[PDB]
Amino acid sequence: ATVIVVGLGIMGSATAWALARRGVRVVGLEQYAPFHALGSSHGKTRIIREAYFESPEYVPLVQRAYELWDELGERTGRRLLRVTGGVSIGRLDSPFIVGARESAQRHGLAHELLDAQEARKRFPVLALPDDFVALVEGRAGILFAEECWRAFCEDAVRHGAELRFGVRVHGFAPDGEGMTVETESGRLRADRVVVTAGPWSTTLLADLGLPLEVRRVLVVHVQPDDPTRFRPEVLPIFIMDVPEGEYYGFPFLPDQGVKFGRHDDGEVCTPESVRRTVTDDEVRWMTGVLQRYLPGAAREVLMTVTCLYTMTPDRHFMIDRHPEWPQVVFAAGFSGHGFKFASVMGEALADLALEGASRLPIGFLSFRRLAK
């Protein structure tokens, strides 16, 4: 079998890995350089969580994603995951809290709800309002994202994959014996095509009318004056639903400081129009929010970063076959929370491309729930 994978962000790289491991001939095509920072996959760390507030239907998928991250780590010898536990902060009726409890109960997962007093005792680095609660889980942690991105490409190449960078795909069409893919430089042919185009999905897949909106979001890295009180042993990954917005962060790590980002809002843009400049007022806002809930974390700003999310209307992913051409499958619309699922999305895409179907429980992420 031959497959072409369009886009070598995390999802395309995972898909090239899952196909090559099956003995499938795979050629990946990516418009920019390897492990570039213009899409959604870049950075040294991402959060993985198991008691999943967005919907309990993700729990069996993230559980398989954990198993596949472990297999990837074993085969490549790269260190990919650090389980730290995770804490979610919010009012008792915040979706972060409600949804994680629902997911955990439904899947039998260990978790602990703490009131503000108990949370301050357990995690004194957090400064919470008296009416907030914390929900703690054990299996959450840090994916070393760039290590994972490189791992997939190394192990795919070990299994025969070819990966091409600096090649922009203009389109594709069935040719009677598979698909022909048109690039800015020539044509390539395969039995099947997988599209994992990230924020560029409505360009390449324009004629499908996917309901996707690209958002610019910001991350800051700060240096505490007392780093040791921010280290993983005392500060798990965290997420917070607060009056200033939804935010997330990581414990202090060497050469990263404390990383803090904002999940909600963020400007609607396209990858062409996105503002890469991060303004002084943007920096001051982020450090102002971080200092309210984690006082002493931002003695110095180390770095600021822009990145892109691709949102669906319901914030659930889209993975499905092309509605006209069964030789083509695609995943898009990861809505700011897909990186942790990349290993299992590569599995699912390889199943949809080779077999037309998957035993993974990805039905709820198809086109159907979005139909009129």
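Numbering starts at 1 and runs along the sequence shown.
Peer 1: On average, which has the higher Cα B-factor in the deposited entry, 362-370 or 4-12?
Peer 2: Comparing 362-370 with 4-12, the higher average CA B-factor belongs to 362-370.
Peer 1: Mean C-alpha B factor from the entry: is it higher for 180-188 or for 147-155?
Peer 2: Taking the mean C-alpha B-factor of 180-188 and of 147-155, the larger value falls to 180-188.
Peer 1: Which of these, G198, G245, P271, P251, has its C-alpha atom at the highest B-factor, as the entry lists it?
Peer 2: Of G198, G245, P271, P251, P271 has the highest C-alpha B-factor.
Peer 1: Looking at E137, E162, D241, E233, which one carries the largest C-alpha B-factor according to the PDB entry?
Peer 2: In this record, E233 carries the highest C-alpha B-factor of the candidates.
Peer 1: Split into thirds by Cα B-factor across the chain's modelled residues, where does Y52 land: lowest, middle or highest?
Peer 2: Within its chain, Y52 is a middle-third residue by C-alpha B-factor, going by the deposited values.
Peer 1: In terms of the chain's CA B-factor thirds, is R321 lowest, middle or highest?
Peer 2: Highest third of the chain for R321's C-alpha B-factor.
Peer 1: Determine, from the deposited record, the chain-internal third of the Cα B-factor for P313: lowest, middle or highest.
Peer 2: Tercile = highest for this residue's CA B-factor.
Peer 1: Taking the C-alpha B-factors as the PDB entry records them, is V214 in the lowest, middle or highest third of its chain?
Peer 2: As the PDB entry reports it, the C-alpha B-factor of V214 lands in the lowest third of its chain.
Peer 1: Among the modelled residues of this chain, does the Cα B factor of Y293 put it in the lowest, middle or highest third?
Peer 2: Middle third by C-alpha B-factor.
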